[PDB]
């Protein structure tokens, strides 16, 4: 199983290292033959001699062009004659590429910025994380001595915890009498001890939670001060720091540092992403938090260090469990993209399609288009039309079915051969024409994008079959991961075609896809109402809810089964309207806000406040209860009882203040805010007391009793003292709870007055 790749230098020449795990043991393959290269497009091939003599400067050494090969690749499906420029070392390309672009006779250079070791995974057609090879893992967290107004890592590391299959344990340089605590003297002896434990266990994966930004950085600083060789690398190297936009990530050569924080950021949507919050969300059991002030006071008085030892042990223990939950799927995603788990677990879904496409393009000798320059980025701000959204037949409904298209946009791309290399291609013998936008798409040959999407969705269906037949339990959920990941990857290809900074940007393709989706959807909505007598209640991009007025459920079910047969014969190619589900009732508020109820009894909520992070828990709780009271029982008078009870509780300040917290993210530099809402009024006051407020910070505030601007009297919930503060009951009654339940109960003639 390939685990990562990099390269070292030997007498100037680069050497690819493939970090594998084969037949139970770690091993390193070395390749001294792979040469670095990029392509160049010339006016006349004669100029190759002027450019083969281009020169530049790096490391006090002159970078020159090794050799040049003339090759034929495709660019936009067209036969193009390009010049392959080889170099001796990867670091030659930055030093000389910009000087090459500016030569008179070069139209453009391509694929000039692909990391050498990632280039290798592609050019050699190798796949990380392939095989049944099981990986030995190890989580670790640290405790620190924090004082306000101190430099980062001014204080020592107090505890180092680690967990795996064998259990959780804490090293610490003070006596705590707990069976899982290993005591040493000095923190230098705990760090060397941790190195001893990691080196002995030789784990394939080191799982942290924000170890990209705290744990490894703190360990580094301490190791510099105490003169410790912090050689976690399987080659004996120290952790390597890379830039991650305005952040950092840490490599451990020969291993996979799997930081769970970015992974869980994208995979789960939570109000706050503390280790304790994420653990409760994922496993249903709560995790207790002890704070830095608690930890420092415990360490310097020597008292109650055992609860700090328990916190550190749990940090590692729960970090191992989340590692086991989130790693296998991310290892399947690594397999799909053809990039290392370290990279993929730190990449956006938008970044990954480029890597997948890059690999496919190389498979098909297709010259990857360059990333856009800033002038083209401005030509790419033209907008287009998206999905059709119907104003819901606002109110409550009976016996409704949801019909949705199977992968509407991929079906469209495949069926009509939508690709930048098929758009308005001249001299074809068969075309399809997009509605409204009128873009013609050649069909003589399958295009780049439709070929991959077909291979992808074909593979996904193969996977799902072998899965349902698989006789191994792990391989089952592995295959389950692969096909689930293929579905997400398929429907990010449309988003790519419209993305500002996408290599295969094609606005004409992107708007042709949405145009076809709107035609097909509004057509089926027309046919189901006219031919079959339904009424479409609400329709977003690729589906709709509908029923037959004053009709049975069995009548709605069977007749809808009929309409599916009728409409799927009318639908061309891979388009397919399917029967997603039946629901006994459903309330529809506005566009993007509804909630339906199974005949088994499960409620599904969409877009309403119940699903919103930035709404108080008391409002979401109470609205939920009002939904159940209606969808489950039609008890319009139980719903009003709920609201009157809740408002009475708030007015008596009887509601737990924990339910009144509002979570809003910071998205930019506070310098750059033009409008200051309450959460950025809190933030600006926090930074004024020296708190790091970066993009991503989840402000969590409460509104205290008073008058005037909400922001002027909102405080962080970190600082709510029920003996020194009264929350603003009037705000949470009148500006949170009532407005949320009222949008629903207005359909039955209830004003906010009727809800007390």
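Rigid core (definition): largest C-alpha set, two forms, superposition within 1.5 Å. Positions refer to the first chain, counted from 1.
Taking the rigid core as the alignment reference, the C-alpha atoms of 700 to 708 lie farther on average from the displayed form in 6 other deposited structures of this protein than those of the other stretch among 700 to 708 and 27 to 35.
Stretch comparison, 642 to 650 versus 571 to 579: after rigid core superposition, larger RMS CA deviation in 6 other deposited structures of this protein is found for 642 to 650. Among other compared entries that model residues flanking residue 656, every one gives it coordinates, keeping it clear of the one-third cutoff.
For residue 311, the fraction of other compared entries lacking coordinates, among those that model flanking residues, is zero, nowhere near a third. Look at the mean CA B-factor for 13 to 21 and for 733 to 741 in the entry; the higher one is 733 to 741. Between 144 to 152 and 112 to 120, the higher mean Cα B-factor belongs to 144 to 152. The maximum CA B-factor among the listed residues 246, 455, 187, 251, taken from the PDB record, is found at 246.
Looking only at 687, 699, 28, 703, the residue with the top Cα B factor in the deposited structure is 687.
In the deposited entry, the Cα temperature factor of residue 92 sits in the middle third of values across the chain's modelled residues. In the deposited entry, the Cα temperature factor of residue 529 sits in the top third of values across the chain's modelled residues.
Among the modelled residues of its chain, residue 726 has a C-alpha B-factor that falls in the middle third according to the deposited record. In the deposited entry, the Cα temperature factor of residue 623 sits in the middle third of values across the chain's modelled residues. Residue 6: CA B factor in the middle third of modelled residues in this chain (values from the PDB entry).
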